[PDB]
Structures are given as C-alpha cells and as structure tokens.
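Next come the chains, spelled out residue by residue.
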Amino acid sequence: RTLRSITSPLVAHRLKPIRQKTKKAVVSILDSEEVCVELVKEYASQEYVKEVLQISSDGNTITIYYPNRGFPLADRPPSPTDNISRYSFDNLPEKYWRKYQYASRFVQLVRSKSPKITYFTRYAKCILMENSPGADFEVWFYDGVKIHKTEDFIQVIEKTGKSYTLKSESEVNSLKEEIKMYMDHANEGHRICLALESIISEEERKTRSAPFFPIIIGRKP
Amino acid sequence: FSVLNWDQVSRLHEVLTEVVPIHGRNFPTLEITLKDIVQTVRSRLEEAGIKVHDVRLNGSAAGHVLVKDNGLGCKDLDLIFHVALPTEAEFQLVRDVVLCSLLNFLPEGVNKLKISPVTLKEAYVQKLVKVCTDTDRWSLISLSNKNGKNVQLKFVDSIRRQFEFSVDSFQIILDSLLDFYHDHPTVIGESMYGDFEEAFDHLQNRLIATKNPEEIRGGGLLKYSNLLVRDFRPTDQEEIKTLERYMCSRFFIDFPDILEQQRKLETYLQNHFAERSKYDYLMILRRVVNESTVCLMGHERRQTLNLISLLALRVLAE
C-alpha cells in the first residue's frame, strides 16, 4: 500500500535540538530543525556511519546519502558527500520507511516532552505540550501532586506516592471528594491553555513573523 | 527558436569526437569518445523500453561551442536525455544501462564479465545524484576526473529551473547530427533564459542577468563571483545591489552552519580552480558579502567574513 497510511510526516518545528544514541541508529534534531538519522556499524572496535537520512522540518524532504567502510562516528552528523538522493515523502521507496520511522517516533516523543504553553495557577504549574492534536497536559501542583493527561491515559501521582491511571469518565467521576477537585482544577487549566493556544496561533497566522510559541504565563508564588 | 551555422557546428564535431580519458582507482584507464557514449547509451535505453525524446549537450560545452573563447572553462560536458521516469525501477535500470554500456571498453573486457556492477562503480563513477520529489525528477551520473574533466550524464523527466545565469543557459539539441550519422544539417540551439537573442548577447559580450532570482539555490552567489573573477559585469545597477542582497540572503538560508559554509567554500575552491587564483576569488567574495549586507544581519555576516578571511590567509600561506 502507501507510506502515508502508516505514519504521518514528522513535525520538527520549535524543537530544541537533542541527540539520542540508540543501539542501531543515532537520531539528532539538528539545530536547523532538520531531523537526522544516521546508521551505525561497529567494526574493528570503532563505530562507523554507514548511511544518513536527513529530513526537513515538514517531513516532506528526505536527503539520503552514503559515504565511500564509511564515516567515523562524529558527534554532529557527517556532512553530505557526492552520492546523495532526494525524495519527497510519498515518493520515498519502501527501502527506507523503517529508518524514517525511527525519526518520526523520536520527534513524536520529543513533542510530548517539550512545553508549548506554560501557565502558573494559584495552585499548580500547567504545561501544555507541543504534540498537537491531542496535546499532552502536565499539571505539577505546588502541593507535590502530579496529574499527567495523555490521549486516553491520565496518571495521578498523589502526595504519598500512590499512582493510578484513569481511563474513561466512569473511573474519573468515581474518585473521592479530594482528588475530584484536583481534576476540576487541572481540567479548567487545560481549557484555559487550549483556548490560548488557538487564539495565539491564529494571531500568529495573521502576523507571520517570529514564532509566538513557546509561551510562559505567570510566576510561582 | 534559433539555428546554428557552420561557425559553431564545426566545434560540435570537435567536442563530440574529443577523446576523453577516464582514470580508474586497480582498474585501467578508459579512452572514450562522446558520440560513442551517447549512441551506446541511447541504444541500450531503447532496448529497455524507455522513450529517449531529446538528446542535448549542456553546460560549459554548449557555452564554448556557441562562442570560441568566452572565458568560462571547458570543465563541464553535460548530456541531457529527456526520459520518462515514473517508477523507481526506471532509475534502478538507467544505472544498469550506463554501466553495461561502460563495460564494452577493453580487449580482456568480457573476459572479466565476473565483475559486479557495484564493483565497476568503484573506479568509473565519481558523482552520483538522484532526485525524485514532487516537482523535480531526474538522475545524474558523473565520470572520473583526473587528466581530463568530468563527463556528466543527466537523465531528466521533470526539472523546474535548469540554468545558472544567462551565460550558461544554452543547450544544443543533438537530434540533428545524431540522425546525421558544408556537410552539416539544421542544429537547433536554445536558451533556458527565454528569448534566445538577448541571452546570446549576454554571453558574447560577457554580461550577467537573470529575471528568475526567486528560484536560485543558495550557492548561486558562488557562481556570481566565479563570473566576476573571469571578468563579467551586470546590466542594470537598478537591480544589482538588490540582487546581491537577495543572493546573500538565500546563501545564509541554505547554509546556516559555519561548517557547512566552510565545506562548500573549500569544495568549490578545490573543484573549480586548477592553475593562487583562489585568492582573487576569495577577495571578490569578501567585497560582495561585505558591501551587499543588510545592517540588521550583523553577526550572521560577521562569522562569514571572518571565515572567508581565514580561507584567504590560508591560501596565501600556501
């Protein structure tokens, strides 16, 4: 079938550059917001880069190049040589989809641990994450509590240390009278942050200038 | 919509018969003729079921055929076959067409038919490019560059802009002399800049102009200054400083890192310059990027000027 029906193109915008070394690959979010997967072979006790995929921040441009044994593994991805190949997203042949998938899952992870709207309430510190749509939402109460809202998994870490996971609103409304108002608080905070996201994103679309995200709203008392 | 005369058609035979040596890396050197390559490639592409519409000469070769000594350097001999390329097997097979045509060049050649094509690649293919995006769609195979220059074979299905400046937008459609074999037929030439007359005037008078600045790759500044070094000059001062500021803008855009700038400068100097001229070229760069700089772009250009000055100090130190 098609690649687009497997994983959507990666969204590297606004992301602070990181580098992770897994067993098989080395994934980097280059400072220019281009994702960069580089494959590794251990050979003569050294590590050599065998091929490099390099992916535009819109996930639609794939530059794949191979060295002439290959490259020694540098801290920063090896600059492209002569033998290169540019494909578009839905022209990328099946040979590469898994390698592009490493990068896509990496960026979908980084978008889940990267703040877009930080908002300080009287009772908690809210963080709407970057991975829209269906953004993660952390709520770090000054009280020591933590409420992590995902797409269907809501973990609640109490003061003691107990941590459960809420699924459906059947388990949400069933909570004791204490944590129920914690949930109400975090829900109102998430509504706030989501409305602000929509408003400021539309204003950004109008002005079309330097980015309007991330945003930080308030101070810890 | 212009036709060549005996004037340039003489140099056409002179170029398409020039004996080219391609040196190996173990492997022996190959001694080939351009017309032999074009014909043996067209033959094997037609036996694979792929339409060879146009066959064209491009690059510095077509620039030096149209005018004797315009002072550009017979460095690039480019061959363009407009070729349909929908599937990936098309590219994967054009590679094989090129290499199978490449085998037939030794007496003990088929005596070594136990040489894999990937093994054949090691000595006889230098640069190897493959683009297949939403707009562009083509493949390039270059040949070794030792004693002679680099012989490029570029099979195109759809490329958007394929000229640097006015002076190098000239293509010689080879279907005429290719059907052939005052003993000459109608050999059409064409400019990628549009109205051919104005661009050919630009070439023969050594000028610089392009009404398509939106679409230049970041490294167009480098050939702008390659032209300034070999003594070309603009046409309208109305747009020259604006144009330099556009070119510098897209340079900083397509090469943001210090080390990518440095890589491209080093790999440009070593590719285009044979026989200290590097210093004059670097000074033309310094002047262009120093004058043509918006005051806002402060340290963006400061790192680049320090870098070019360091390149120049290195050059004069060796």
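Criteria and thresholds
Residues numbered from 1 in each chain as written, not as in the entry; some residues may be left out. Chains lettered and ligands numbered in written order. Heavy atoms only, no water. Residues with missing side-chain atoms left out of burial classes, pairs and counts. Helix = DSSP H or I, 4+ residues; strand = E, 2+ residues; numbered from the N terminus. Axes fitted to C-alpha atoms, helices over the stretch in contact; angles between N-to-C directions. Left-handed = near helix turned anticlockwise from the far one by under 90°. Contact = heavy atoms within 4.5 Å. Nonpolar A, V, L, I, M, F, W, Y, C, P; charged D, E, K, R; others polar. Core = buried A, V, L, I, M, F, W, Y, C linked by side-chain atoms within 4.5 Å. Buried < 20%, exposed > 50% of the residue type's maximum accessible area, 1.4 Å probe, protein only. Patch = residues over 30% accessible without salt bridge, like charges linked within 9 Å, V, L, I, M, F, W, Y side chains within 5 Å. Areas by Shrake-Rupley, 256 points an atom, 1.4 Å probe, with all protein chains shown as cover. Salt bridge = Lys/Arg side-chain N within 4 Å of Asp/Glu carboxyl O. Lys, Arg positive; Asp, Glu negative; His and termini not counted. Charge placed at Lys NZ, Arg CZ, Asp CG, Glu CD. 1 Å grid on protein atoms, 1.4 Å probe; cavity = no way out; pocket = protein on both sides within 12 Å on 5 of 7 lines; lining within 4 Å. Points joined across faces, edges and corners; volume = space filled by probe spheres on them. Buried area = accessible area lost by both parts, 1.4 Å probe. Polar contact = N/O pair within 3.5 Å; in protein donor to acceptor, adjacent residues only side chain to side chain. Pairing = 2+ DSSP bridges.

A. Molecular detail of the overall build of chain A. A tally of helices and strands in chain A yields three helices and 14 strands. Projecting the C-alpha coordinates of chain A onto the three principal axes gives extents of approximately 65 × 45 × 40 Å.

B. Looking closely at the packing of helix α10 (residues 258-272) of chain B against helix α12 (residues 299-317) of chain B. Residue and element names in this part refer to chain B. For the pair α10 and α12, interaxial distance at closest approach is 11 Å and the crossing angle is 35 degrees. Crossing hand, α10 versus α12: right-handed. Across from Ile 258, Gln 261, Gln 262, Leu 265, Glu 266 and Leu 269 in α10, the residues of α12 making contact are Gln 303, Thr 304, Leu 307, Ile 308, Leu 311 and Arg 314. Of the residues that constitute the contact of α10 with α12, the class distribution is six nonpolar, four polar and two charged.

C. Representation of the nonpolar core. Core analysis: the biggest nonpolar cluster contains 112 residues, and A:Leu92, B:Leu12, B:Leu57, B:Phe81, B:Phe155 and B:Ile172 have the highest contact counts within it. Apart from the residues lying within four places of it in its own chain, the contact partners of B:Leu12 are B:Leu4, B:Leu57, B:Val65, B:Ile172, B:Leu174 and B:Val187. Ranked by size, the runner-up nonpolar core spans 21 residues in total, among them A:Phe137, A:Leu166, A:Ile179 and A:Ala186.

D. Quick peek at the environment of B:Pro28. Residues and elements named next belong to chain B. The topology assignment puts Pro 28 in the loop between β2 (19-22) and β3 (30-33). C-alpha of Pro 28 to C-alpha of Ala 123: the two residues are 95 residues apart in sequence and 8.8 Å apart in space. Leave out the neighbours within four places in its chain, and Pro 28 touches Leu 106 and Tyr 124.

E. Here's a closer look at a positive patch on the surface. Residues and elements named next belong to chain A. A cluster of basic residues, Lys 23, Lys 24, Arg 98 and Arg 105, forms a positive patch at the surface. Structurally, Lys 23 is set in the loop between β1 (19-21) and β2 (25-29). Residue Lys 23 is classed as exposed on the basis of its relative accessible area, which comes to 79%.

F. A look at empty space enclosed by the protein. All names here are of chain B. In this structure, the largest cavity spans a volume of roughly 90 Å³. What lines the largest cavity is simply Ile 32, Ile 37, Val 41, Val 98, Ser 101, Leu 102, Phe 105, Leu 143 and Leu 153. Taken together, the residues of the lining of the largest cavity sort by class into eight nonpolar, one polar and no charged.

G. Quick look at the interface of chain A and chain B. If you look at the interface, chain A gives twelve residues, while chain B gives 16 residues. Surface buried jointly by chain A and chain B totals about 1200 Å² across both partners, of which 46% is contributed by carbon and sulfur atoms. Considering only the side of chain A, the residues that lose the most area to chain B are A:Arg76, A:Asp82 and A:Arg86, jointly responsible for 37% of the buried surface there. For the pair chain A and chain B, the number of links is one salt bridge. For B:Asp257, the salt bridge identified is with A:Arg76, shortest N-O distance 3.1 Å. Here chain A and chain B share nine residue pairs in polar contact between them. Residues belonging to the side of chain A that touches chain B are distributed by class as follows: three nonpolar, six polar and three charged. With four bridges connecting them, strand β7 (residues 84-88) of chain A and strand β6 (residues 128-132) of chain B associate as parallel partners. The residue of β6(B) that forms the bridge with A:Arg86 is B:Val131.

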